[PDB]
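**Student:** Return a 3D structure for these sequence lines:
(9 chains, ligands or ions: 32)
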Amino acid sequence: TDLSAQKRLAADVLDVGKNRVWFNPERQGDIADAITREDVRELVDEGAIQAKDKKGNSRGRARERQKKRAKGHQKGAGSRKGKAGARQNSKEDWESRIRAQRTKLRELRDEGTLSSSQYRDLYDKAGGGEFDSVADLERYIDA
Amino acid sequence: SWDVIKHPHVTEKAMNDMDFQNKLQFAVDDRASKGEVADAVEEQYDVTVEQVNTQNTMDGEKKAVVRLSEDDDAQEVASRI
Amino acid sequence: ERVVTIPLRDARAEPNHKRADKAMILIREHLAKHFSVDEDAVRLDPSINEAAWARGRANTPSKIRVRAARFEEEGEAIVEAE
Amino acid sequence: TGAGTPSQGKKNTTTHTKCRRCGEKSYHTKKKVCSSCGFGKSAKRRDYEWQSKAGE
Amino acid sequence: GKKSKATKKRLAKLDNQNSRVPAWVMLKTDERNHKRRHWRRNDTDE
RNA sequence: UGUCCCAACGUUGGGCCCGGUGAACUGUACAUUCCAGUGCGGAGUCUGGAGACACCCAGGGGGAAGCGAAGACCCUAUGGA
RNA sequence: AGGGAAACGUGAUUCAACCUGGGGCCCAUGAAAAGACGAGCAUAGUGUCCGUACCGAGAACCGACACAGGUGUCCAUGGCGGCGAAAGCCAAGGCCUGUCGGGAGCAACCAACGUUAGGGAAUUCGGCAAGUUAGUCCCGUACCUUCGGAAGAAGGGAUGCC
RNA sequence: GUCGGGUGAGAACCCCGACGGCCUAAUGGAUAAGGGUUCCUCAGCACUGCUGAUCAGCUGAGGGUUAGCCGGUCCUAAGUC
RNA sequence: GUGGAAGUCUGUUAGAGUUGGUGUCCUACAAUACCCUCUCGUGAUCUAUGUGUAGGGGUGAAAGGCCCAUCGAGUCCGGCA
Ligand SMILES: [Cl-]
Ligand SMILES: [Cl-]
Ligand SMILES: [Mg+2]
Ligand SMILES: [Mg+2]
Ligand SMILES: [Mg+2]
Ligand SMILES: [Mg+2]
Ligand SMILES: [Mg+2]
Ligand SMILES: [Mg+2]
Ligand SMILES: [Mg+2]
Ligand SMILES: [Mg+2]
Ligand SMILES: [Mg+2]
Ligand SMILES: [Mg+2]
Ligand SMILES: [Mg+2]
Ligand SMILES: [Mg+2]
Ligand SMILES: [Mg+2]
Ligand SMILES: [Mg+2]
Ligand SMILES: [Mg+2]
Ligand SMILES: [Mg+2]
Ligand SMILES: [Mg+2]
Ligand SMILES: [Mg+2]
Ligand SMILES: [Mg+2]
Ligand SMILES: [Mg+2]
Ligand code: NA
Ligand code: NA
Ligand code: NA
Ligand code: NA
Ligand code: NA
Ligand code: NA
Ligand code: NA
Ligand code: NA
Ligand code: NA
Ligand code: NA
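**Tutor:** Numbers count the residues shown, from 1 in each chain, chains lettered A, B, ... in the order given. Ligands and ions are numbered 1, 2, ... in the order given. And now the structure:
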């Protein structure tokens, strides 16, 4: 008995990898007799031919670690492999910062706390990298 | 002068088209267009050709898959020959 | 029928990446000898196979308890894990 | 790179083809000229007195 | 590759010329296809 | 730091035995050789002695001026480029 | 509609495809033509001809071979990992055909290789081969120099898990 | 790869199940060129297959490629006639 | 601080090359291969497909290199016994 023809068919009818298709060891004779895609679907319904289950990788251990790293752990010198600007792209980070500081100043203006001249001044000093952060900015603002 | 139809192309797969889709398969001369096959077929078997699909075969001839109108029956037209 | 402990120490004389295969052969040769039967007549239930390949092809266990029965018209032995 | 075996691999180009005129597989499809009968070059058929011995 | 209608035709002929001498010709001639061509071992023209 | 003193042990694939498959190089003939001698002055074969029961397995290659290539060097040709 | 045994979700982040903007460079200036738009709607007819199988490679191609060689394009967003299209491990998918097997603790010898005390280049034409160092962060850094560089100089410290 | 099992006159290597592995820009998926029927089915083992073969890209006979809207076709490029 | 220049650096990304091991092979897997190591890797870069240049002539960042395993003058046939 040579069921390799069937395998190929079974693989397509079940819409699975030939390697996952399963033929019951007690019906090689019947299955050996399947010749059409139909005879196959039939043998499928009787459960003689079935598709094994595909596995998936378990991200459990990966989730735990993901928590520890979001909480700040497992990121010491001995756990870094990439250069510093590799782990954090300095240009991207300056865009993050400056947009914060520019957004902040923008609010205080519309809010009224700042006069278009005070704003202007601050803005110009932000673009000049005078504030390490919005907090640093607010502080400077209060004289 | 060459004739368009050569003879009916009877094979397992030619049977299924016939029984299941009302189609007649022929071995035609390769210079024949879908048009010439259509007319030649109607005039020979007195039927209405709805569609003609062709293929230049690895046999050196041209195969033609002719579908007849629901009004005619492939199984019957082919049965008389 | 009886239960026997098979020593697989001679499987080390065979390149390590091929221990499982040699083990298997050793079992059969042990049963065929201790149950006075031809190795042809010895049948190993898959259980024994899986026990031997449990940890890969090169990490076979130094022993294996196997339960075997002997009988029939040409003489033979059927075996399995325990 | 070896001029031998390794340079033989890149040979998947088509040049000489069945000739419309003579039937020999010598119709260079890139030059559109037959190296055997001269189709595509000469109306007359390619032929030379050196294709045979001087006195024959 | 992309073949033409002419090309396809000849390949077709070649496949036909690649059959064996019918058993009845053996009998009729009281006793070999010298042009047998294998796709791998040989090479057609064009 | 096994490059060395200075070699050791181990791992894997061969090697060795078995089944199957199954080439090639090479071959004037003879041939179990060794020590001397002789010879166109570099001998398994001549001469004198010595040694030598026949067959087979593995080995590392001393010899057959071993096999492989009508010497690339040198000279000669009323040669070639 | 379809598909699914069944449920037949909703929010979010990062966002290949695709869309759309700004800037910089050239002693270098980055095709053309057909066609399309410009130029509406109904209904009907027509839309011929040629290609379409399979391989696309450690057996379907070239290399005399089922040759460890050679041979273009697309998938570059599957998971862990990490700077990464890197290593290692693992899915999906594919395979056990880089296609002869059996046996001997399996000797000498050889191929690839591990480990070797004390010494430490004594080896050798020569440190050939092998080895040492190694990722990241902080500290620190000579001569010289075309001021760019030398420079990761050197040297010193740290490095996990909870 | 191994243990079972299927088929067969004949099975280490054809097929089924389990276990054990190998490939992760490839040993996966889609293709260009080139090959030209090698594709599928059935029947086979004198040849081919680095051993064997019930298997096969082998032998024999049958069958298989369907397009207004995927390519070609049309256009023009270096350039060619 | 921003900016992101460069025949720039590291880099078996892909890809291109070929320094050493004078390793393996050397009747080969291979009439130029294998492995480890190593160079380049945004540019005078690499590559597919098309196209141009022909034998005392091409092409040559020049080695007398290359022009289908053929090059101090390709190959085929003829002169030719
Ligand atoms: Cl902008
Ligand atoms: Cl196409
Ligand atoms: Mg920056
Ligand atoms: Mg068509
Ligand atoms: Mg050459
Ligand atoms: Mg046929
Ligand atoms: Mg004597
Ligand atoms: Mg000489
Ligand atoms: Mg000289
Ligand atoms: Mg001269
Ligand atoms: Mg297809
Ligand atoms: Mg092979
Ligand atoms: Mg030591
Ligand atoms: Mg010294
Ligand atoms: Mg070194
Ligand atoms: Mg087939
Ligand atoms: Mg069969
Ligand atoms: Mg560079
Ligand atoms: Mg680099
Ligand atoms: Mg080119
Ligand atoms: Mg010179
Ligand atoms: Mg030639
Ligand atoms: Na016919
Ligand atoms: Na061929
Ligand atoms: Na060593
Ligand atoms: Na010798
Ligand atoms: Na990733
Ligand atoms: Na085999
Ligand atoms: Na600046
Ligand atoms: Na190399
Ligand atoms: Na010349
Ligand atoms: Na001559």
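**Student:** Quick check: the residue of chain B found nearest chain D vs RNA strand H, distance?
**Tutor:** Across chain B, the shortest distance to chain D (C-beta to the nearest C-beta) belongs to residue B:60, at 15.7 Å. Bear in mind the C-beta positions are built from the backbone N, C-alpha and C, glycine included. Going from residue B:60 to RNA strand H by C-beta to the nearest atom of the strand, to the nearest Å gives 11 Å.
**Student:** now that residue: how far from RNA strand I?
**Tutor:** Separation of residue B:60 from RNA strand I (C-beta to the nearest atom of the strand): 29 Å.
**Student:** Identify the residues contacting that residue.
**Tutor:** Taking C-beta atoms under 8 Å, 6 or more residues apart in numbering or on different chains, we find residue B:60 in contact with B:30, E:9, E:12-13, E:16.
**Student:** Mind checking which of those are buried?
**Tutor:** By neighbour count, with 16 or more other C-beta atoms under 10 Å in any protein chain shown, those hold B:30, E:9, E:12 as buried.
**Student:** Just name the closest of those to RNA strand F, please.
**Tutor:** The closest of the buried ones among the contacts of residue B:60 to RNA strand F turns out to be residue E:12 (C-beta to the nearest atom of the strand; 38.3 Å).
**Student:** RNA strand H: which of the buried ones among the contacts of residue B:60 is nearest?
**Tutor:** residue E:12 (7.9 Å).
**Student:** Now the closest one: closest residue in space that isn't a chain neighbour?
**Tutor:** Closest residue in space to residue E:12, ignoring its immediate chain neighbours: residue B:60 at 4.1 Å, by C-beta to C-beta, 6 or more residues apart in numbering or on different chains.
**Student:** From residue A:99, how far off is that neighbour?
**Tutor:** 73 Å (C-beta to C-beta, to the nearest Å).
**Student:** Same check on residue A:30?
**Tutor:** From residue A:30 across to residue A:99, the span is 69 Å (C-beta to C-beta).
**Student:** Distance of residue B:30 relative to chain E?
**Tutor:** Distance, residue B:30 to chain E, using C-beta to the nearest C-beta, to the nearest Å: 8 Å.
**Student:** same deal with residue B:12?
**Tutor:** Taken as C-beta to the nearest C-beta, the span from residue B:12 to chain E is 21 Å.
**Student:** Kindly report the same for residue A:76.
**Tutor:** Here the distance between residue A:76 and chain E works out to 60 Å (C-beta to the nearest C-beta).
**Student:** mind listing what residue 37 touches?
**Tutor:** You didn't say which chain, so I picked chain A. So residue A:37 contacts A:9, A:12-13 (C-beta under 8 Å, 6+ apart).
**Student:** that's the other chain; I wanted chain E
**Tutor:** With contact taken as C-beta under 8 Å, 6+ apart, residue E:37 is in contact with E:14, E:17-18, E:44.
**Student:** Find the nearest non-adjacent residue to the spatially most central residue of chain C, please.
**Tutor:** The geometric centre of chain C, computed from its C-alpha atoms, lies nearest to residue C:27 (C-alpha atoms, centre = their mean), at 2.3 Å. Nearest-residue entry for residue C:27: residue C:6, 5.5 Å, with adjacent residues in sequence omitted and distances by C-beta to C-beta, 6+ apart.
**Student:** Mind listing the residues bridging to the one you found?
**Tutor:** For residue C:6, the beta-bridge partners are residue C:64 (DSSP bridges).
**Student:** Next, count neighbours for it.
**Tutor:** Look at residue C:6: counted by other C-beta atoms under 10 Å in any protein chain shown, it has 22 neighbours.
**Student:** Surely it and residue C:30 touch.
**Tutor:** Yes - using C-beta atoms under 8 Å, residue C:6 is in contact with residue C:30, at 4.9 Å.
**Student:** Appreciated, that's everything.
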